[PDB]
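Visitor: Mind folding the following:
(chains A, B, C, D, E and F, ligands or ions: 9)
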Amino acid sequence: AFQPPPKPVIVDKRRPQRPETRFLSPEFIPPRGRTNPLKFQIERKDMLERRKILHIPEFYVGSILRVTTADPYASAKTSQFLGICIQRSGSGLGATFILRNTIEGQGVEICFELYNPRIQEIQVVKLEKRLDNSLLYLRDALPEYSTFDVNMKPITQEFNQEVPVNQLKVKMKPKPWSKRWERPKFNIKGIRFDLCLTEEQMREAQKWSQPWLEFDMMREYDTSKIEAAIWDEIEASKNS
Amino acid sequence: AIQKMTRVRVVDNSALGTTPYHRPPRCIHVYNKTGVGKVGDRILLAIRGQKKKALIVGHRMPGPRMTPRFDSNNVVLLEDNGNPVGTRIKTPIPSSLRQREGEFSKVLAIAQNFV
Amino acid sequence: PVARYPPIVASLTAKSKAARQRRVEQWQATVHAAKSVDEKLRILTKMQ
Amino acid sequence: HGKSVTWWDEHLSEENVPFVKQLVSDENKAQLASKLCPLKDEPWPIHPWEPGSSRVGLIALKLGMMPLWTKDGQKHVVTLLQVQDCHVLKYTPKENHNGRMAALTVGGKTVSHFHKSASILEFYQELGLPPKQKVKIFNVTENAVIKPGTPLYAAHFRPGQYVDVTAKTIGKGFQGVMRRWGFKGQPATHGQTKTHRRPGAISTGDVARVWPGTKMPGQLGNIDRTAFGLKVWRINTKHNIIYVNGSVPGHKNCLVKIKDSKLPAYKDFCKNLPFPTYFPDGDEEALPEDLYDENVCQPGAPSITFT
Amino acid sequence: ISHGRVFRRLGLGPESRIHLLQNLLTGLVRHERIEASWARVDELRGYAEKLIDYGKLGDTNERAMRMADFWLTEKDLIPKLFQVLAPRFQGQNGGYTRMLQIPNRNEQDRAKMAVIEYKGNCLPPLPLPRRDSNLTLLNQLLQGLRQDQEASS
RNA sequence: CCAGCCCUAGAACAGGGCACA
Ligand SMILES: [Mg+2]
Ligand SMILES: [Mg+2]
Ligand SMILES: [Mg+2]
Ligand SMILES: [Mg+2]
Ligand SMILES: [Mg+2]
Ligand SMILES: [Mg+2]
Ligand SMILES: [Mg+2]
Ligand SMILES: [Mg+2]
Ligand SMILES: [Mg+2]
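Guide: Residues are numbered from 1 along each chain as shown, chains lettered A, B, ... in the order given. Ligands and ions are numbered 1, 2, ... in the order given. The coordinates are given below.
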């Protein structure tokens, strides 16, 4: 029997210079409330101890994941679900992410909890960013943007692609939608408005714009030192 | 969350669920002590101008975590004895319905997909 | 790499005399950008 | 004699303010370290446990809420109560307090000396401890009395137990009748004029008055309430944190009075618990960092799967 | 119920409050010391601190440039903000402003008035409340206590 | 003890904090 040779990497730091950037999952960022930081420290220790067993990978809103959950009433004790990440929300041990997929013409959304012990394995089959941090408009979008092959193979990516952002404009179903995605409070760039809405509709939707919120300077949440401390704790836990 | 006057979608293959009609099948009465129905709750419908019983399969209101949320208020038609009138169900079904098999045995026996 | 400072012109919608002069300059620039002499005379004598 | 108002910073200098601060800080640190070994100076006689005994409680701080999963897949919500500085301040005898049970006074987290009255400061100086914020009274039996001045820790409660939690709820101010009593309003737009949230009729015409039990708008929230039968799941001994099941009345960072559950279903549960209190120096062996219940999915778990 | 609210309602709404604070910030940047209502100045102090931080962020920063362009209505103050106020606040971290309550307005409204001032300005110093000297009776007693504590170590 | 300053406390008056940092 013969085995073929592996393909090693030919990184040459000489001609191309490429550094490396840190990625902190959104669940570690504490909310803006006046909660005692001791609770956040306790929750961070708990979620790090949980991550020591369950490998929670890096994935953004728009990536396609496959989650294996422990189901007692199924044929096999495991149940797989593949879908695109609609949104990631929550802080600490209760962080959740929404997976959406069209199965036989019926669109299904499941809100999985990251640190639930019933989750066996999470697999990012396509690490991929999109034009919006929350693409909840896929409910009102055409079904083709929600259908994904449940048996699709994982796509492996190399580090030097820095999470390619998918600039995909999405077609829309006729009005009305689940929400008024044309309002400035959503700030949506992933919907092809020029083919579904009209000029007067856009002008009427622009009446709800608040241009002072981007220059308020007091509604911003600066978490530089918080993120630095969280990263220090993460490195300490990884070394321990 | 399916309550009175809610227009539902029949999922199983039945004459009442397939034959078109000038009025969509609305909900008449929910058999809970509260007026709101959830997955696995018996309900009454007025389909094609007659009263029928149905079982709530899926709805659009979010529920507990790790539970499926569908894009339509799906229902499967039932008889008075508790047996389904349809032959098979094509749309997916919440896996939590298999927890109570004592009352939904013949309904789950015709279900094909579980989510 | 280079500083991009906004111009030091006065406001346009303010009550100040500088804002009034800027609006005067604005309508005079409209007259300048006018194409036909008929349009020039119309914009110059439309106020009564 | 028109004496003027004064505070501790009025007559101090730019150099004496930090000196005063550090002096009070070192005095508080020394006073709190002196009471760290209560079982070796002069502890009161420890009595055995009896079936009709009642235990003392603690005064913790409501940190926040956290999800917590059980081995059967269920997900509960726990509230974290941190016992910062719990000390038994005074003890009133049974015949001098109630004639049925004695009273133990417990103090909460430390506060500043510069904002208390002369009597409270004298009491705390005689006791030998820095002042506490919240001071509560617990009805204990005569055999569960502890010497005043002893510290109490969260390991007083063990993983798997039912507790009672008393606190002042979140005060919503002068609220209307619809938010205070859950009254239904009138229709929104079918002709009603300036009545969409009024209480409506308040009494009957023949009575010619309104009854004292009439529900009417007023204060809502700033009152003491007690949650009964909250299960404890986890005890963090390093930080002195208790994980009580469910919701706890009161906002976060507030003082909460915790005690054993007085429900008739959990009246004889104190048999296995440390009867007088938890003395960390009596065992001479440190407890684990986290004491969990027999059903809690600990953070380090095999990621349970059904069979 | 206004639990956890940090901004007070001013003007004819949120946008009007933003515009009022913007006018106040422009005046403060221009004159280095202004006087207004106590509530408006207390609301403006944080915006002034954040503006000094954005000015310290640098001239070539497009974010800071557009923030200054929005806030400073008089466009001759942006070079001032970037070349006078920010350079002179370098070793300092957050001590950029000083707010002091002055007596109530002599007008009939009797409004509670404050004065805000950027530290290190070319203006007569306000009559700041100075603490007592160490030669006071109580301060000398505390000095004796401090000396005893130093000798005891 | 309550001048002032904050508040998950409040119409006003009341009530809780202002030493760690
Ligand atoms: Mg809707
Ligand atoms: Mg008919
Ligand atoms: Mg309140
Ligand atoms: Mg109503
Ligand atoms: Mg009328
Ligand atoms: Mg009306
Ligand atoms: Mg009328
Ligand atoms: Mg009478
Ligand atoms: Mg007080």
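
Visitor: Smallest gap between chain A and chain D, at which residue?
Guide: Residue of chain A nearest chain D, by Cβ to the nearest Cβ: residue A:49 (3.5 Å). (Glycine included, C-beta is placed from N, CA and C.)

Visitor: mind listing what that residue touches?
Guide: D:299-300 (Cβ atoms under 8 Å, 6 or more residues apart in numbering or on different chains).

Visitor: Next, give phi and psi for it.
Guide: Main-chain torsions, residue A:49, degrees, to the nearest 10: phi -60, psi -30.

Visitor: just residue A:51 next, same as before
Guide: Dihedral angles (degrees, to the nearest 10) for residue A:51: phi -70, psi -30.

Visitor: what do you get for residue B:68?
Guide: Dihedral angles (degrees, to the nearest 10) for residue B:68: phi -70, psi 150.

Visitor: and it, what does it touch?
Guide: A:108-110, B:58, B:92, B:94, B:115.

Visitor: Please enumerate the helices of chain E.
Guide: Under the criterion DSSP state H, helices of chain E are mapped to E:14-31, E:38-56, E:62-71, E:77-80, E:86-88, E:137-151.

Visitor: Just put the ones you listed in JSON lines and tack on distance to residue A:132 and mean neighbour count.
Guide: Shown next, in JSON lines, are the helices of chain E (distance: least, Cβ to Cβ, whole Å; neighbours: other Cβ atoms under 10 Å in any protein chain shown):
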{"stretch": "helix E:14-31", "distance to residue A:132": "25", "mean neighbour count": "18"}
{"stretch": "helix E:38-56", "distance to residue A:132": "27", "mean neighbour count": "20"}
{"stretch": "helix E:62-71", "distance to residue A:132": "21", "mean neighbour count": "18"}
{"stretch": "helix E:77-80", "distance to residue A:132": "33", "mean neighbour count": "19"}
{"stretch": "helix E:86-88", "distance to residue A:132": "35", "mean neighbour count": "16"}
{"stretch": "helix E:137-151", "distance to residue A:132": "62", "mean neighbour count": "13"}
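
Visitor: of all these, which lies closest to residue E:124?
Guide: Residue E:124 lies closest, by Cβ to Cβ, to one member of these: helix E:14-31, at 13.2 Å.

Visitor: Contacts only, for residue C:8.
Guide: Residues in contact with residue C:8, defined by Cβ under 8 Å, 6+ apart, are E:75-76.

Visitor: right, I mislabeled it, should have said residue A:113
Guide: Counted by Cβ under 8 Å, 6+ apart, residue A:113 has contacts A:94-96, A:119, B:65-66, D:67, D:75.

Visitor: hang on, residue D:31 packs against residue D:131?
Guide: No: with contact defined as Cβ atoms under 8 Å, residue D:31 and residue D:131 do not form a contacting pair (10.7 Å).

Visitor: Of all residues in chain B, which one is closest to RNA strand F?
Guide: The minimum distance from chain B to RNA strand F, using Cβ to the nearest atom of the strand, falls at residue B:65 (27.1 Å).

Visitor: Redo the helices of chain E as CSV? Include distance to residue A:58.
Guide: Converted to CSV, the helices of chain E look like this (distance: least, Cβ to Cβ, whole Å):
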stretch, distance to residue A:58
helix E:14-31, 37
helix E:38-56, 31
helix E:62-71, 27
helix E:77-80, 40
helix E:86-88, 37
helix E:137-151, 55
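
Visitor: Arrange the ones you listed in JSON lines, one row each, with distance to RNA strand F as further columns.
Guide: JSON lines is the format used below for the helices of chain E (distance: least, Cβ to the nearest atom of the strand, whole Å):
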{"stretch": "helix E:14-31", "distance to RNA strand F": "16"}
{"stretch": "helix E:38-56", "distance to RNA strand F": "5"}
{"stretch": "helix E:62-71", "distance to RNA strand F": "22"}
{"stretch": "helix E:77-80", "distance to RNA strand F": "27"}
{"stretch": "helix E:86-88", "distance to RNA strand F": "25"}
{"stretch": "helix E:137-151", "distance to RNA strand F": "15"}
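
Visitor: beta partners for residue B:58?
Guide: residue B:74 (DSSP bridges).

Visitor: Would you check that residue A:172 makes contact with residue A:141?
Guide: Yes: with contact defined as Cβ under 8 Å, residue A:172 reaches residue A:141; the gap is 5.9 Å.

Visitor: between those two, what contacts are shared?
Guide: residue A:191.

Visitor: Kindly confirm my reading that residue B:87 is in a strand.
Guide: No: with DSSP: H, G, I helix; E, B strand; the rest coil as the criterion, residue B:87 is coil rather than part of a strand.

Visitor: next one: phi and psi at the residue nearest to residue E:70 when sequence neighbours are not counted?
Guide: Nearest residue to residue E:70, sequence neighbours excluded (Cβ to Cβ, 6 or more residues apart in numbering or on different chains): residue A:215, at 4.3 Å. The phi/psi pair for residue A:215 (degrees, to the nearest 10) reads phi -120, psi 10.

Visitor: Next up, the contacts around residue A:215.
Guide: E:66-67, E:70-71.

Visitor: Can you spell out which residues form a bridge with the residue nearest the centre of chain E?
Guide: Per Cα atoms, centre = their mean, the C-alpha nearest to the average position across chain E is that of residue E:97, at 2.7 Å. Per DSSP bridges, the residues bridged to residue E:97 are residue E:118.

Visitor: How about the one 4 residues further on?
Guide: For residue E:101, the residues forming beta bridges with it (DSSP bridges) are residue E:114.

Visitor: Assess the claim that it and residue E:126 are in contact.
Guide: No: the criterion here is Cβ under 8 Å, and residue E:101 misses it with residue E:126 at 11.2 Å.

Visitor: Give the intersection of the neighbour lists for the two.
Guide: Here residue E:101 and residue E:126 share no contacting residue, scored by Cβ under 8 Å, 6+ apart.

Visitor: ok, now how distant is the spatially closest residue to residue D:263 that is not a sequence neighbour from residue E:93?
Guide: Excluding the flanking residues, the one nearest residue D:263 by Cβ to Cβ, 6+ apart is residue D:229, at 5.3 Å. As defined by Cβ to Cβ, to the nearest Å, residue D:229 lies at a distance of 50 Å from residue E:93.

Visitor: One more: residue A:199?
Guide: With Cβ to Cβ as the criterion, residue A:199 and residue E:93 are 50 Å apart.

Visitor: swap in residue D:154?
Guide: Taking Cβ to Cβ, one finds residue D:154 at 38 Å from residue E:93.

Visitor: Kindly report the same for residue E:138.
Guide: Taking Cβ to Cβ, one finds residue E:138 at 33 Å from residue E:93.

Visitor: try residue D:296
Guide: 44 Å.

Visitor: and residue D:229 and residue E:93? which has more neighbours close in?
Guide: Set residue D:229 next to residue E:93 and count neighbours by other Cβ atoms under 10 Å in any protein chain shown: residue D:229 wins out with 15 against 7.

Visitor: buried set for the host helix or strand of that one?
Guide: Using DSSP states H and E, the element containing residue D:229 is strand D:224-236. For strand D:224-236, burial by neighbour count (16 or more other Cβ atoms under 10 Å in any protein chain shown) applies to D:227, D:230-236.
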